[PDB]
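These notes concern the structure reproduced below.
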Amino acid sequence: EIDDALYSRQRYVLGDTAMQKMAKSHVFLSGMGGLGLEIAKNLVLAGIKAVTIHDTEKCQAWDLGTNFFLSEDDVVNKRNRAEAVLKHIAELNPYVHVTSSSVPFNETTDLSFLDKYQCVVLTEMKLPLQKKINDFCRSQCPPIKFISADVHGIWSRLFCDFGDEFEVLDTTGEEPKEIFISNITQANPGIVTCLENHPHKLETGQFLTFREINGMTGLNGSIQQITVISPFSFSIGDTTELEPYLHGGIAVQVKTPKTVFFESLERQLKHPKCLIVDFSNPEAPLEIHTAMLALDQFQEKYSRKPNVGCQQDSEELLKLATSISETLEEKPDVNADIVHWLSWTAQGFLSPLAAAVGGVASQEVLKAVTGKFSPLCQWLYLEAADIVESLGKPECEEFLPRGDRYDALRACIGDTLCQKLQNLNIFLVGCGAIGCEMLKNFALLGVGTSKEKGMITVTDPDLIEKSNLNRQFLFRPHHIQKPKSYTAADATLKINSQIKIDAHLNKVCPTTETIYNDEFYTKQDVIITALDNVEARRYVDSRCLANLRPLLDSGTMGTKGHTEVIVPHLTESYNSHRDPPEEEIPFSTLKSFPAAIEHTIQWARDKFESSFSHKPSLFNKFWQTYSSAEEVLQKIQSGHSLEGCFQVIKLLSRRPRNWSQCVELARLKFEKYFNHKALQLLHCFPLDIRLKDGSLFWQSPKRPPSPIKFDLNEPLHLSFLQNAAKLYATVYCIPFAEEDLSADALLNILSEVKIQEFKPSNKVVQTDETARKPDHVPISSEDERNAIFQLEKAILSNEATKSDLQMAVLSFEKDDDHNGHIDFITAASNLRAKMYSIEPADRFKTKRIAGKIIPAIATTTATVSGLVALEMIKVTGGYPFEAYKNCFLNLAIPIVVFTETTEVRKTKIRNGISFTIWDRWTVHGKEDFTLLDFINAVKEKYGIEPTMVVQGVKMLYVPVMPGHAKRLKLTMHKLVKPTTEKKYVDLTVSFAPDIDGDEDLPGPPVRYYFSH
Amino acid sequence: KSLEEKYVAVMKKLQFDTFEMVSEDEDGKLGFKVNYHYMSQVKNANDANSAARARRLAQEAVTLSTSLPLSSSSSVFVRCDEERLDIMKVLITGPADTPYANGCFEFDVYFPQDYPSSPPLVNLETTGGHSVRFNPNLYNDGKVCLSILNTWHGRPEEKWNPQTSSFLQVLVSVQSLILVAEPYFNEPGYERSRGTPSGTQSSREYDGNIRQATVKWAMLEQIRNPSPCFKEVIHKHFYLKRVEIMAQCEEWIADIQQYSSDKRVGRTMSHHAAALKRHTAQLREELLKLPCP
Ligand SMILES: O=P(O)(O)O[C@H]1[C@H](OP(=O)(O)O)[C@@H](OP(=O)(O)O)[C@H](OP(=O)(O)O)[C@@H](OP(=O)(O)O)[C@H]1OP(=O)(O)O
Ligand SMILES: Nc1ncnc2c1ncn2[C@@H]1O[C@H](COP(=O)(O)OP(=O)(O)OP(=O)(O)O)[C@@H](O)[C@H]1O
């Protein structure tokens, strides 16, 4: 059984079948560098049945910059690295059976034992024996999935090979689409027109199935291959022999497995299938392939890596690359700069690049054992190139080893840059898995470890949960219900004691701006966000824009992700993004005419919140507004129009006093929801009622529902009644026991319950697709007098005490099982699905949709975190605009796209003057300086006359407002009335537009210093 | 019409003005000088004002200061805080030939932080201690139900529109919809009882009750308890218009006498007529007591 309480988010990504196969898989890994370490980390977080790691090397002090499990003791003992860190890896997931091995690998090593595994990943390995292993892998029956990767300096390599033929079970995780059919013709080939306003959004050659189709009853259950004619029409093959078309119909996407073919590693040395990530350089990957082959040949020839700045080694590598390029099929131009940088940084190691390639490699490994997504075929190269050319031509002493754990990074980026990183002050928001990976990257990079200057700050308001343990690797089960930031910071120092870090339990918001004032932001250098919502992103963006500081953000959903980079005076803000708002389901569609199971789940969730949060709040707020029910009775007897009193009385008259009455009320609610409403809506709209044109009202998408007959023996009915009764008993504070939930006891309770007969009504139906929830229809005096009688009887029956004025309000818990919110919502949604003859849904997709759960996986977060570390290194470098690269990705395809950040625009205010979002004007003055002096100073310095002045939320001066010419004569301190806290003040000023009657054009904010 | 000429000439200068409504202490917290509704909402309003809000208000200000409807039937009077525009107060007289005629009604208006993305809050202040639901869409507590405010049902064109809707549109809609001679059938369902003898009879009942309530609060209690925001304006208006009201009260008394013989609604019209004649006598006393500012 899948441990859903830990794996729900992973389930929403992968699917149960993939994990079921995953529970029967053995995966082997060779080489135990930082890359192999992170591969083990991601796989153990994903929960492989059994993982075998291998290493023939021993610990060294140099490894401390690439590993976050090693300690000085391990290096002192000269233990095998893998066997030393094996115990730490086991902490990440008890379910995973992790094993280790140290058998030497060479040309005479036998590979037959490897057949027990399904996939093998090779790191830190010599290329010819990689060739031999790959030959063994694809020769197996079935072939063993082969994956290899390498990291060298600012360069990386990734290769995949699954034999001659491999079957992808699902190309992408996108839900199959369903489209209503508006028209379809008897033709050869037949032509189908979908709903005129709903786009076809499909492609030629795809396979579709058909259901609920009227006219051609034979097309029900049939499968056809399509051919797109338009974004709203297509052809599906011959249909002339079919019967005539009537109406309706639904087309459902059909997924088909696809075979993917992989060449051998040796045969892929020439003509490699290389993924492209930068369209401006559709040749760089091949050049990098040539350079990596040249480096491998150099290591073969000289048994060593090239020395930094060694002109002899660089020239030899140039000759090797030139020779290899000549042997290539395409023979690309050898990049001298790339070869030079490879020779310069051959011996170094860059961990963020390793992080990215490890994430993508782990995702590929997951694909190899599931077939859940289309894999890489067959090569992919990642670079940190932009960093090095920004430094011009440095000296080799900048990168020579100095004895510390940071020697590996020093050989890549240089000591001065490392010192810059050590000195940085960083503010990090959000302690999600992205934040944890970023903190790990900081610790391994020596970020903020300067004993004088460097300082890290992180904050998060929430505590640790078991569900978080699936991807937030820093935490353990004995850290549950403890601060995320505190535990993360405490665990971080174990990785690196030299780090200096501070933590907070604070939610970044306008109310907490007092703690995080402008001076605090000025103290920081870089701000990074790991938020899960847009509003907080906008708030942080505005604060950082006001404080003129760089901002980094990353979004993660499923296998899709992106990186946003914002640099002062260079880029657009995050607020510059103006993506279209989500269009919600029509109100009429939600309440009355659902067609999708998502409509029913939304209806169930809204009904739940109204019943258990909103209306309880109304009841208790009513009894807080009015002291006693007798007072309300007296007031309504004098015609007082109190609000919600009618609903409160209706609730009180419906208030149960024991568990049996709670069950009775739950049964009545069931009857109301699933029998009476259908009869009412059918009374208003008969099944054969027709429109102006005579077409049936009950036509696509309008599904005519059918009333449901109750049966306690139905498991769905049993679950619905049990959950509803439990929630209602919680509502009315009625105690109960589990034995009361037993089906026989419920039957005994309902045996004496009389089911009330239906009666129709003539309530108007909001059939408008653009309608919204309006205010209530005015209440008749009949309901007034009925409620009056109700609370009069209640008072006479002593049901007017404070307890009768008390009832519980329930939060929407979504993770625990005992609260029954998920089960109640699922039961209601499935009853509504059967209600409209729509297909039901399972519990877990209900949990996903209702809880708005964003699917997550360790591979995506690691991949994005490595990139984020890369651009923050670039920001630390103070590099030009070209170096900064935003990125978007979707590992499902898989796809990675880099694109330069959006250039900051200039707002042409007037007369050729323009200003940026980063612009803030300044004015210096004195105590006798006046508003007229202010206008003159602006008109002089910036050549434009202010037309309106705003003091924050207060207005300062408007020419058309009365008597404001006098304000021109008033001094700054007199009219502002400022506090002594500042030597300045900030204002907002606009200017008259070129065309009168238009709004004044907003200028940049202006700061008036009280002094010079 | 010399009375009309002087009426237009005088209150033209008074239809718009600024007036400090919130005195301010040392620590930045607001001390409200006169009565207002959004005490806590204003005091808790975020200080991170959106610039577009202030700019839209400034652009509106020209039209709101130049194009206020001015007529003896009805006129609009506009006051806002001398240092903040989002705090708002408006006074309107009832259009002629209505049960609301010439009655003074004070409103509280606040522009939300997201304005103009959302309609401003609107509220009645002449509720007489929330005694009467004066209009079917206008609750006794003063809450306003307009589709343009999204506080009433309506089509998208009737809804609030940040790009096109204007505060002047809401002001005009007040007169055109709420301040009508025909309030009763405005209640949903009663528009179907329009024309039916029972519906018209209950309309007469409701409008007579509204008339007597207006005489009580909107005229008698308004003059006897003048509001500081328009204290001179209201007295000048009543001095100018008083000749009409001394006949309006008599015609209303004559009308309710015809109703009183009815056995269904005339029985309530008897109580409303007693109240109406009492308040009419008191109102005539106050008119004789009314000076010219
Ligand atoms: O107010 P909501 O929770 O959004 O739902 C209401 C509510 O039903 P519940 O009582 O089951 O919550 C109404 O009942 P009351 O709130 O007045 O008790 C009911 O009205 P009736 O009692 O008059 O049947 C109405 O149903 P309808 O709109 O069909 O009149 C129904 O609406 P929905 O369940 O469709 O939201
Ligand atoms: N304004 C904020 N200030 C500080 N931290 C914030 C703020 N808004 C969100 N966060 C944090 O951002 C984190 C996002 O990480 P993550 O993706 O794990 O979200 P989650 O809500 O914890 O997870 P899940 O969706 O699985 O329940 C949360 O832990 C949350 O505490």
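Just remember, in the structure tokens the first chain shown is A, the second B, etc., residues are 1-based per chain, and ligands are 1-based in the order shown.
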May I have the residues within 8 Å of region 387-392 of chain A as a PyMOL selection string, using only C-alpha atoms and disregarding those fewer than 2 positions away in the same chain?
chain A and resi 341+384-385+394+413+874+877+879-880+883
To test your reading of the structure, identify every residue in region 115-286 of chain B that backbone DSSP assigns to alpha helix (DSSP H), and report it as number ranges by chain.
B: 167-173, 197-214, 222-224, 231-260, 266-286
Residue neighbourhood residue 340 (chain A), 12 Å, only C-alpha atoms, exclusion window fewer than 3 positions, as a PyMOL selection string
chain A and resi 288+291+294-295+306-319+321+334-337+343-346+385+388-389+393
With a distance threshold of 9 Å and counting only C-alpha atoms, extract the residues of chain A near chain B and express them as a PyMOL selection string.
chain A and resi 510+640-642+770-775+777-778+948+950+952-958+960-962+988+990+997-1002
Quick one: everything within 12 Å of residue 37 (chain A), counting only C-alpha atoms, minus sequence neighbours fewer than 2 positions away in the same chain. Send it as JSON, numbers by chain.
{"A": [29, 30, 31, 32, 33, 34, 35, 39, 40, 41, 42, 43, 44, 53, 54, 55, 63, 66, 67, 68, 69, 70, 81, 82, 83, 85, 86, 88, 89, 121, 122, 123, 124, 351, 354, 355, 358, 359, 362]}
Residues from last step as file, N, CA and C atoms, as a compact mmCIF listing (two decimals), in the first residue's frame:
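again.txt, written as the output of this step:
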# COMPACT_ATOMS: atom_id res chain seq x y z
N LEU A 29 23.51 2.30 -8.93
CA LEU A 29 24.23 3.54 -9.21
C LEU A 29 25.71 3.32 -8.96
N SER A 30 26.54 3.82 -9.87
CA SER A 30 27.99 3.70 -9.76
C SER A 30 28.61 5.09 -9.77
N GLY A 31 29.68 5.24 -8.99
CA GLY A 31 30.30 6.54 -8.79
C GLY A 31 29.59 7.30 -7.69
N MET A 32 30.34 7.86 -6.74
CA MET A 32 29.71 8.51 -5.61
C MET A 32 30.21 9.93 -5.41
N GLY A 33 30.29 10.71 -6.48
CA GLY A 33 30.53 12.13 -6.34
C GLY A 33 29.31 12.84 -5.79
N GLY A 34 29.37 14.17 -5.80
CA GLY A 34 28.20 14.95 -5.43
C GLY A 34 27.01 14.67 -6.32
N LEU A 35 27.26 14.46 -7.62
CA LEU A 35 26.18 14.14 -8.55
C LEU A 35 25.51 12.82 -8.17
N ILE A 39 21.73 12.10 -6.80
CA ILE A 39 20.89 11.11 -7.46
C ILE A 39 20.30 10.16 -6.44
N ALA A 40 21.14 9.67 -5.52
CA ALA A 40 20.65 8.82 -4.45
C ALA A 40 19.61 9.55 -3.61
N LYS A 41 19.86 10.84 -3.34
CA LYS A 41 18.93 11.63 -2.54
C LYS A 41 17.55 11.72 -3.19
N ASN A 42 17.51 12.08 -4.47
CA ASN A 42 16.23 12.22 -5.15
C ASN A 42 15.52 10.88 -5.28
N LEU A 43 16.26 9.82 -5.60
CA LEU A 43 15.62 8.51 -5.70
C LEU A 43 15.06 8.04 -4.35
N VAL A 44 15.81 8.23 -3.26
CA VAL A 44 15.32 7.79 -1.96
C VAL A 44 14.14 8.65 -1.51
N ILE A 53 24.09 1.41 -4.28
CA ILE A 53 25.12 2.39 -4.62
C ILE A 53 26.47 1.69 -4.62
N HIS A 54 27.42 2.26 -5.34
CA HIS A 54 28.75 1.68 -5.46
C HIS A 54 29.80 2.78 -5.43
N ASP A 55 30.97 2.46 -4.87
CA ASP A 55 32.08 3.39 -4.84
C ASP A 55 33.35 2.62 -4.52
N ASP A 63 36.45 16.38 -0.78
CA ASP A 63 35.06 15.98 -0.97
C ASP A 63 34.09 16.79 -0.12
N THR A 66 31.61 19.03 -1.89
CA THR A 66 30.65 18.42 -2.80
C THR A 66 29.67 17.48 -2.10
N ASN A 67 29.78 17.29 -0.79
CA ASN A 67 28.98 16.32 -0.08
C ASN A 67 28.49 16.95 1.22
N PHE A 68 27.23 16.68 1.57
CA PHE A 68 26.62 17.25 2.76
C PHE A 68 26.18 16.15 3.72
N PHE A 69 26.97 15.08 3.80
CA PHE A 69 26.80 14.05 4.82
C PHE A 69 28.14 13.74 5.46
N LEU A 70 29.22 14.07 4.75
CA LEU A 70 30.56 13.77 5.24
C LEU A 70 30.92 14.67 6.41
N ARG A 81 33.69 6.33 0.81
CA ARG A 81 32.72 7.43 0.87
C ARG A 81 31.29 6.91 0.93
N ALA A 82 30.94 6.01 0.01
CA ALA A 82 29.57 5.51 -0.06
C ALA A 82 29.19 4.78 1.22
N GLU A 83 30.06 3.89 1.70
CA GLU A 83 29.77 3.15 2.92
C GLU A 83 29.75 4.05 4.14
N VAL A 85 28.67 7.33 4.09
CA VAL A 85 27.43 8.11 4.04
C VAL A 85 26.19 7.25 3.93
N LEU A 86 26.34 5.93 3.84
CA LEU A 86 25.18 5.04 3.71
C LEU A 86 24.20 5.22 4.86
N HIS A 88 23.61 7.83 6.72
CA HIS A 88 22.87 9.09 6.60
C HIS A 88 21.77 8.99 5.55
N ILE A 89 22.05 8.31 4.44
CA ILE A 89 21.06 8.20 3.36
C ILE A 89 19.84 7.44 3.84
N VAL A 121 22.96 3.71 -13.41
CA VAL A 121 23.44 5.06 -13.66
C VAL A 121 24.92 5.12 -13.32
N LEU A 122 25.72 5.68 -14.23
CA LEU A 122 27.17 5.73 -14.08
C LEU A 122 27.65 7.16 -13.95
N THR A 123 28.48 7.40 -12.93
CA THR A 123 29.10 8.70 -12.73
C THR A 123 30.57 8.49 -12.39
N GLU A 124 31.38 9.52 -12.65
CA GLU A 124 32.82 9.50 -12.40
C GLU A 124 33.50 8.32 -13.08
N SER A 351 28.82 22.80 -7.90
CA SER A 351 27.71 22.05 -7.33
C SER A 351 26.33 22.46 -7.82
N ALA A 354 25.69 20.68 -10.94
CA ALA A 354 25.45 19.30 -10.54
C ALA A 354 24.02 19.13 -10.04
N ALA A 355 23.51 20.10 -9.29
CA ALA A 355 22.16 20.01 -8.77
C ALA A 355 21.14 19.95 -9.89
N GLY A 358 21.53 16.65 -11.81
CA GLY A 358 21.06 15.55 -10.98
C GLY A 358 19.56 15.49 -10.92
N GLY A 359 18.90 16.64 -10.82
CA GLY A 359 17.45 16.65 -10.86
C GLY A 359 16.91 16.09 -12.16
N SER A 362 17.56 12.33 -12.31
CA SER A 362 16.64 11.57 -11.46
C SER A 362 15.26 11.48 -12.09
Counting only C-alpha atoms and all ligand atoms, name the residues that have an atom within 8 Å of an atom of ligand 1; the answer should be given as a VMD selection string.
chain A and resid 591 to 592 603 606 to 607 610 to 611 647 650 to 651 669 672 to 673 677 680 763
Go through the chains and note each residue within 7 Å of ligand 2, using only C-alpha atoms and all ligand atoms, then give the set as a count of residues only.
23
If I take CA of residue 418 (chain A) and CA of residue 898 (chain A), how far is one from the other in Å, to one decimal?
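Computing the Euclidean distance for CA of residue 418 (chain A) and CA of residue 898 (chain A) yields 25.6 Å.
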Ranking B:223, B:266, B:43, B:255 by minimum distance to residue 289 (chain B) and counting only C-alpha atoms, which one comes first?
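Under the stated criterion, the closest residue is B:223.
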Please provide the set of residues having any atom within 9 Å of residue 688 (chain A), restricted to only C-alpha atoms, with same-chain residues fewer than 2 positions apart removed, written as a PyMOL selection string.
chain A and resi 685-686+690+696-698
For those residues, write C-alpha atoms to a file as a tab-separated table (two decimals), in the first residue's frame.
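Output saved as result15.tsv:
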chain	number	residue	atom	x	y	z
A	685	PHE	CA	-37.77	22.37	-17.09
A	686	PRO	CA	-39.38	19.18	-18.41
A	690	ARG	CA	-37.68	23.25	-26.04
A	696	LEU	CA	-34.34	20.76	-26.64
A	697	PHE	CA	-33.35	22.76	-23.57
A	698	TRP	CA	-31.69	19.62	-22.15
May I have all residues of region 227-376 of chain A that DSSP, computed from the backbone, assigns to strand (DSSP E or B), given as JSON, numbers by chain?
{"A": [227, 228, 229, 230, 233, 234, 235, 248, 249, 250, 251, 252, 253, 254, 258, 259, 260, 274, 349]}
Can I get the selected residues back with C-alpha atoms, as a short mmCIF file (atom, residue, chain, number, x, y, z; two decimals), in the first residue's frame?
data_model
loop_
_atom_site.label_atom_id
_atom_site.label_comp_id
_atom_site.auth_asym_id
_atom_site.auth_seq_id
_atom_site.Cartn_x
_atom_site.Cartn_y
_atom_site.Cartn_z
CA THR A 227 -7.32 15.23 -38.93
CA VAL A 228 -7.62 18.87 -37.93
CA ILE A 229 -9.45 21.13 -40.37
CA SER A 230 -9.73 24.21 -38.15
CA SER A 233 -13.42 21.49 -36.91
CA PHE A 234 -11.75 18.30 -38.12
CA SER A 235 -12.29 15.02 -39.97
CA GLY A 248 -25.09 16.27 -28.82
CA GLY A 249 -22.10 13.97 -28.56
CA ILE A 250 -18.81 14.07 -26.67
CA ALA A 251 -15.33 13.27 -27.98
CA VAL A 252 -12.80 11.94 -25.47
CA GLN A 253 -9.05 11.93 -26.10
CA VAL A 254 -7.42 8.50 -26.37
CA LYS A 258 4.79 5.21 -28.47
CA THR A 259 8.04 3.38 -29.19
CA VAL A 260 11.29 5.32 -28.78
CA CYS A 274 21.14 16.62 -28.61
CA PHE A 349 33.61 21.17 -9.60
#
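Computed from the coordinates, the CA of residue 1010 (chain A) to CA of residue 942 (chain A) distance equals 18.9 Å.
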Show me, as an MDAnalysis selection string, the residues that have an atom within 6 Å of region 158-163 of chain A when counting only C-alpha atoms, minus same-chain residues fewer than 4 positions from it.
chainID A and resid 138 145:149 262 378:380
Go ahead and dump the residues you just picked, N, CA and C atoms, as an mmCIF file, in the first residue's frame.
data_model
loop_
_atom_site.group_PDB
_atom_site.id
_atom_site.type_symbol
_atom_site.label_atom_id
_atom_site.label_comp_id
_atom_site.auth_asym_id
_atom_site.auth_seq_id
_atom_site.Cartn_x
_atom_site.Cartn_y
_atom_site.Cartn_z
ATOM 1 N N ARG A 138 22.049 -2.975 -23.008
ATOM 2 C CA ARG A 138 21.060 -3.130 -24.068
ATOM 3 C C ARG A 138 21.011 -4.548 -24.619
ATOM 4 N N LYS A 145 18.020 -0.346 -18.493
ATOM 5 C CA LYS A 145 18.043 1.065 -18.852
ATOM 6 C C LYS A 145 19.380 1.675 -18.452
ATOM 7 N N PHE A 146 20.009 2.383 -19.384
ATOM 8 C CA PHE A 146 21.361 2.896 -19.211
ATOM 9 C C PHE A 146 21.326 4.416 -19.175
ATOM 10 N N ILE A 147 21.943 4.991 -18.147
ATOM 11 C CA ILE A 147 22.008 6.436 -17.965
ATOM 12 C C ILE A 147 23.394 6.794 -17.449
ATOM 13 N N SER A 148 23.993 7.832 -18.028
ATOM 14 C CA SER A 148 25.289 8.319 -17.581
ATOM 15 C C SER A 148 25.280 9.838 -17.558
ATOM 16 N N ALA A 149 26.044 10.405 -16.627
ATOM 17 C CA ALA A 149 26.163 11.850 -16.514
ATOM 18 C C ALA A 149 27.530 12.194 -15.943
ATOM 19 N N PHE A 262 16.771 4.103 -29.235
ATOM 20 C CA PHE A 262 18.031 4.643 -28.748
ATOM 21 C C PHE A 262 19.185 3.902 -29.405
ATOM 22 N N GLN A 378 18.965 11.847 -27.124
ATOM 23 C CA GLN A 378 19.546 11.001 -26.086
ATOM 24 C C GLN A 378 20.539 11.784 -25.235
ATOM 25 N N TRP A 379 20.790 13.034 -25.616
ATOM 26 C CA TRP A 379 21.844 13.840 -25.021
ATOM 27 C C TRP A 379 21.280 15.171 -24.547
ATOM 28 N N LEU A 380 21.880 15.706 -23.486
ATOM 29 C CA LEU A 380 21.527 17.019 -22.969
ATOM 30 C C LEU A 380 22.715 17.595 -22.218
#
Between B:259, B:36, B:190, B:230, which is the closest to residue 77 (chain B) once you count only C-alpha atoms?
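Of all the options, B:230 lies closest to residue 77 (chain B).
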Can you work out the spacing between CA of residue 153 (chain A) and CA of residue 76 (chain A) in Å, to one decimal?
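Going from CA of residue 153 (chain A) over to CA of residue 76 (chain A) covers 26.5 Å.
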Do a neighbour search on residue 127 (chain B) at 12 Å with only C-alpha atoms, toss out local chain neighbours closer than 2 positions, and write the hits as a short mmCIF file (atom, residue, chain, number, x, y, z; two decimals) with N, CA and C atoms, in the first residue's frame.
data_model
loop_
_atom_site.label_atom_id
_atom_site.label_comp_id
_atom_site.auth_asym_id
_atom_site.auth_seq_id
_atom_site.Cartn_x
_atom_site.Cartn_y
_atom_site.Cartn_z
N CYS B 104 -34.15 66.09 2.66
CA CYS B 104 -32.69 66.10 2.67
C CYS B 104 -32.19 64.77 3.22
N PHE B 105 -31.29 64.13 2.47
CA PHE B 105 -30.74 62.84 2.83
C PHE B 105 -29.22 62.90 2.75
N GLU B 106 -28.56 62.60 3.86
CA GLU B 106 -27.11 62.62 3.94
C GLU B 106 -26.56 61.21 3.76
N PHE B 107 -25.45 61.10 3.03
CA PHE B 107 -24.85 59.81 2.69
C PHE B 107 -23.43 59.77 3.23
N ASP B 108 -22.97 58.57 3.58
CA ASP B 108 -21.56 58.32 3.85
C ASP B 108 -21.00 57.45 2.73
N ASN B 123 -23.81 54.55 1.80
CA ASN B 123 -24.63 54.31 2.98
C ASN B 123 -25.53 55.51 3.24
N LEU B 124 -26.70 55.23 3.80
CA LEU B 124 -27.65 56.24 4.24
C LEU B 124 -27.36 56.65 5.68
N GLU B 125 -27.47 57.95 5.94
CA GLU B 125 -27.29 58.48 7.28
C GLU B 125 -28.58 59.04 7.87
N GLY B 129 -32.29 56.54 13.21
CA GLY B 129 -31.99 55.40 14.05
C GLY B 129 -32.38 54.09 13.41
N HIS B 130 -32.19 53.97 12.10
CA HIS B 130 -32.53 52.77 11.34
C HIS B 130 -34.00 52.39 11.51
N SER B 131 -34.86 53.41 11.60
CA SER B 131 -36.27 53.15 11.87
C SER B 131 -36.99 52.55 10.66
N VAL B 132 -36.74 53.08 9.47
CA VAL B 132 -37.59 52.80 8.31
C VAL B 132 -36.73 52.32 7.15
N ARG B 133 -37.21 51.27 6.47
CA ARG B 133 -36.71 50.91 5.14
C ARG B 133 -37.38 51.85 4.15
N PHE B 134 -36.73 53.00 3.94
CA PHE B 134 -37.33 54.05 3.12
C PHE B 134 -37.51 53.64 1.67
N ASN B 135 -36.58 52.86 1.12
CA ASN B 135 -36.69 52.36 -0.24
C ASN B 135 -36.52 50.85 -0.20
N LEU B 138 -33.15 49.97 -0.22
CA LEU B 138 -32.40 50.72 0.78
C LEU B 138 -32.81 50.21 2.16
N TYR B 139 -31.93 49.43 2.77
CA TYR B 139 -32.25 48.78 4.03
C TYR B 139 -32.32 49.79 5.16
N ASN B 140 -32.98 49.39 6.25
CA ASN B 140 -33.17 50.29 7.38
C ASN B 140 -31.85 50.73 8.00
N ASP B 141 -30.85 49.84 8.06
CA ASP B 141 -29.55 50.24 8.56
C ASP B 141 -28.85 51.23 7.63
N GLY B 142 -29.35 51.38 6.41
CA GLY B 142 -28.79 52.31 5.44
C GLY B 142 -28.07 51.66 4.29
N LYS B 143 -27.93 50.34 4.28
CA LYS B 143 -27.17 49.67 3.24
C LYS B 143 -27.87 49.82 1.89
N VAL B 144 -27.08 50.04 0.85
CA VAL B 144 -27.57 50.45 -0.46
C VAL B 144 -27.44 49.26 -1.41
N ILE B 210 -44.13 56.21 3.89
CA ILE B 210 -42.86 56.83 3.52
C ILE B 210 -42.98 58.35 3.59
N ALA B 213 -42.91 59.36 7.23
CA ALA B 213 -41.56 59.17 7.75
C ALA B 213 -40.61 60.24 7.24
N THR B 214 -40.75 60.63 5.97
CA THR B 214 -39.93 61.69 5.41
C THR B 214 -40.20 63.02 6.10
N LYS B 216 -41.28 63.39 9.10
CA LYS B 216 -40.69 63.26 10.43
C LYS B 216 -39.18 63.49 10.40
N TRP B 217 -38.45 62.66 9.65
CA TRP B 217 -36.99 62.65 9.73
C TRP B 217 -36.35 63.65 8.77
N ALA B 218 -36.61 63.48 7.47
CA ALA B 218 -35.91 64.23 6.44
C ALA B 218 -36.18 65.72 6.48
N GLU B 221 -36.80 66.52 11.65
CA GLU B 221 -35.62 66.19 12.43
C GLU B 221 -34.36 66.75 11.79
N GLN B 222 -34.38 66.97 10.47
CA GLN B 222 -33.23 67.57 9.81
C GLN B 222 -33.07 69.04 10.21
#
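Proximity of B:64, B:88, B:253, B:233 to residue 169 (chain B), computed with only C-alpha atoms, is greatest for B:64.
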